[PDB]
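Take a look at the structure set out below.
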Number of protein chains: 2
Amino acid sequence: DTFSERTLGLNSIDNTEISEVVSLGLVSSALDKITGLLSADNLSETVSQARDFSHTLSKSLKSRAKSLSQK
Amino acid sequence: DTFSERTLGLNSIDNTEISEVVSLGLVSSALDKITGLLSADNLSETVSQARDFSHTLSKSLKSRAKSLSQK
């Protein structure tokens with residue numbers, strides 16, 4: 001796991017056994033952590049971590065979409 | 001529609017007729033726009049807009065989760 005994958009709890013999000021509602025709970029949670037980062041300050045490091053979170057989440061949803069479309 | 005709802009194309013994302021894969025396409029797209037904002041600069045205004053995007057998306061996925069769980 002990368003830092004973002006582990007921190008955002010995403011290492012199973014592209015498992016198709018996970019229902020849509022549960023998936024939406026994981027995404028919501030990840031987005032709220034991004035919102036939180038962006039609410040504190042606008043330091044470069046903070047902004048860069050939020051960008052890693054966003055990108056990691058996007059990449060995982062593309063992976064999930066792939067797994068889902070397979071079936 | 002708010003600025004973020006319209007810009008991120010989210011005004012139907014909590015419609016249950018929209019399939020999961022299509023939903024994931026809308027979320028991915030929204031997250032990529034957040035990544036893009038956070039990749040340019042760390043000005044307060046830029047950071048605040050990205051935070052609006054993130055929050056708006058999260059709120060819409062909670063709404064979608066609600067609509068889905070209803071059925």
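Chain labels A, B, ... are given in the sequence in which chains occur in the structure tokens; within each chain residues are numbered consecutively from 1, and ligands are likewise numbered from 1 in the order shown.
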| query | Looking only at the backbone, which of the residues in chain B does DSSP tag as alpha helix (DSSP H), as number ranges by chain? | reply | B: 3-7, 20-40, 44-70
| query | Mind listing as a VMD selection string which residues of chain B are within 10 Å of chain A, counting only C-alpha atoms? | reply | chain B and resid 19 to 25 27 to 39 41 to 69
Next, the residues of the selection above should be written as a short mmCIF file (atom, residue, chain, number, x, y, z; two decimals), in the first residue's frame with N, CA and C atoms.
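Generated output (part.cif):
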```cif
data_model
loop_
_atom_site.label_atom_id
_atom_site.label_comp_id
_atom_site.auth_asym_id
_atom_site.auth_seq_id
_atom_site.Cartn_x
_atom_site.Cartn_y
_atom_site.Cartn_z
N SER B 19 -26.27 3.83 -13.50
CA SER B 19 -25.58 2.62 -13.06
C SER B 19 -24.32 2.94 -12.28
N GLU B 20 -23.79 1.96 -11.56
CA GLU B 20 -22.61 2.19 -10.75
C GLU B 20 -21.42 2.63 -11.60
N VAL B 21 -21.22 1.98 -12.75
CA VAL B 21 -20.07 2.31 -13.60
C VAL B 21 -20.17 3.75 -14.11
N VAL B 22 -21.36 4.16 -14.53
CA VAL B 22 -21.55 5.53 -14.96
C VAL B 22 -21.30 6.50 -13.81
N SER B 23 -21.80 6.17 -12.62
CA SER B 23 -21.56 6.95 -11.42
C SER B 23 -20.06 7.10 -11.16
N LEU B 24 -19.33 5.99 -11.27
CA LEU B 24 -17.89 6.00 -11.03
C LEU B 24 -17.17 6.88 -12.06
N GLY B 25 -17.72 6.95 -13.27
CA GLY B 25 -17.19 7.84 -14.29
C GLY B 25 -17.37 9.30 -13.92
N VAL B 27 -17.68 10.49 -10.76
CA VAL B 27 -16.85 10.76 -9.59
C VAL B 27 -15.38 10.92 -10.00
N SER B 28 -14.89 9.97 -10.79
CA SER B 28 -13.54 10.03 -11.34
C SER B 28 -13.26 11.37 -12.01
N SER B 29 -14.19 11.80 -12.85
CA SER B 29 -14.08 13.06 -13.57
C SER B 29 -13.99 14.24 -12.60
N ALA B 30 -14.83 14.22 -11.57
CA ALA B 30 -14.84 15.26 -10.56
C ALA B 30 -13.54 15.28 -9.77
N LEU B 31 -13.07 14.10 -9.36
CA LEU B 31 -11.79 14.01 -8.66
C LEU B 31 -10.60 14.48 -9.50
N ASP B 32 -10.62 14.21 -10.79
CA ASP B 32 -9.55 14.65 -11.68
C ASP B 32 -9.49 16.18 -11.78
N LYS B 33 -10.65 16.83 -11.72
CA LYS B 33 -10.72 18.28 -11.71
C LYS B 33 -10.18 18.85 -10.39
N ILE B 34 -10.42 18.15 -9.29
CA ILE B 34 -9.83 18.50 -8.00
C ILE B 34 -8.31 18.34 -8.02
N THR B 35 -7.83 17.22 -8.54
CA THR B 35 -6.40 17.00 -8.72
C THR B 35 -5.78 18.11 -9.56
N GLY B 36 -6.46 18.50 -10.62
CA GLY B 36 -5.97 19.55 -11.49
C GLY B 36 -5.83 20.87 -10.78
N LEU B 37 -6.86 21.25 -10.01
CA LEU B 37 -6.79 22.47 -9.23
C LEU B 37 -5.59 22.44 -8.30
N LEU B 38 -5.43 21.33 -7.59
CA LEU B 38 -4.36 21.19 -6.61
C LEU B 38 -2.97 21.00 -7.22
N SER B 39 -2.90 20.93 -8.54
CA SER B 39 -1.62 20.69 -9.20
C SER B 39 -1.03 21.98 -9.72
N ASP B 41 -1.42 25.40 -8.33
CA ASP B 41 -0.91 26.33 -7.33
C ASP B 41 -1.57 26.12 -5.98
N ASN B 42 -1.05 26.78 -4.95
CA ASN B 42 -1.60 26.64 -3.61
C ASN B 42 -2.12 27.96 -3.06
N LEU B 43 -2.54 28.85 -3.96
CA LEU B 43 -3.28 30.04 -3.56
C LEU B 43 -4.51 29.65 -2.78
N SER B 44 -4.86 30.49 -1.83
CA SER B 44 -6.01 30.26 -0.99
C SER B 44 -7.28 30.04 -1.83
N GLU B 45 -7.49 30.87 -2.85
CA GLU B 45 -8.70 30.81 -3.66
C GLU B 45 -8.79 29.50 -4.41
N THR B 46 -7.67 29.06 -4.96
CA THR B 46 -7.60 27.78 -5.63
C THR B 46 -7.90 26.65 -4.66
N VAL B 47 -7.35 26.74 -3.46
CA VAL B 47 -7.51 25.69 -2.47
C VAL B 47 -8.94 25.65 -1.99
N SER B 48 -9.55 26.82 -1.86
CA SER B 48 -10.92 26.93 -1.39
C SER B 48 -11.92 26.38 -2.43
N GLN B 49 -11.59 26.52 -3.71
CA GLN B 49 -12.47 26.03 -4.75
C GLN B 49 -12.42 24.51 -4.79
N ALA B 50 -11.22 23.96 -4.65
CA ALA B 50 -11.00 22.51 -4.58
C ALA B 50 -11.73 21.90 -3.38
N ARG B 51 -11.71 22.61 -2.25
CA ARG B 51 -12.44 22.20 -1.06
C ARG B 51 -13.96 22.22 -1.30
N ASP B 52 -14.45 23.21 -2.03
CA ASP B 52 -15.87 23.23 -2.40
C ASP B 52 -16.21 22.04 -3.29
N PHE B 53 -15.35 21.77 -4.27
CA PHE B 53 -15.54 20.61 -5.14
C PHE B 53 -15.63 19.30 -4.33
N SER B 54 -14.67 19.10 -3.44
CA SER B 54 -14.58 17.87 -2.65
C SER B 54 -15.82 17.66 -1.79
N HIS B 55 -16.20 18.72 -1.08
CA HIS B 55 -17.36 18.73 -0.21
C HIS B 55 -18.67 18.51 -0.95
N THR B 56 -18.80 19.15 -2.09
CA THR B 56 -19.99 19.02 -2.92
C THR B 56 -20.13 17.59 -3.42
N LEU B 57 -19.01 17.01 -3.86
CA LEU B 57 -18.99 15.64 -4.34
C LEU B 57 -19.35 14.66 -3.22
N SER B 58 -18.76 14.85 -2.05
CA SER B 58 -19.02 13.99 -0.90
C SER B 58 -20.52 14.02 -0.54
N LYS B 59 -21.07 15.22 -0.51
CA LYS B 59 -22.46 15.43 -0.15
C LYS B 59 -23.37 14.75 -1.17
N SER B 60 -22.94 14.73 -2.44
CA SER B 60 -23.76 14.13 -3.48
C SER B 60 -23.69 12.61 -3.44
N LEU B 61 -22.56 12.07 -3.00
CA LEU B 61 -22.42 10.62 -2.88
C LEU B 61 -23.19 10.08 -1.67
N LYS B 62 -23.28 10.88 -0.62
CA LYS B 62 -24.11 10.54 0.53
C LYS B 62 -25.57 10.52 0.10
N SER B 63 -25.96 11.48 -0.73
CA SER B 63 -27.31 11.54 -1.25
C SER B 63 -27.59 10.34 -2.14
N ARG B 64 -26.62 9.99 -2.98
CA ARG B 64 -26.78 8.82 -3.84
C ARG B 64 -26.91 7.55 -3.01
N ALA B 65 -26.03 7.39 -2.02
CA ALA B 65 -26.09 6.24 -1.10
C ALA B 65 -27.45 6.11 -0.44
N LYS B 66 -28.02 7.24 -0.02
CA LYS B 66 -29.36 7.25 0.54
C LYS B 66 -30.40 6.74 -0.48
N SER B 67 -30.42 7.33 -1.68
CA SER B 67 -31.34 6.91 -2.73
C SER B 67 -31.21 5.44 -3.06
N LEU B 68 -29.98 4.94 -3.05
CA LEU B 68 -29.74 3.54 -3.41
C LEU B 68 -30.22 2.59 -2.33
N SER B 69 -30.00 2.98 -1.08
CA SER B 69 -30.36 2.13 0.04
C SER B 69 -31.88 2.04 0.18
#
```
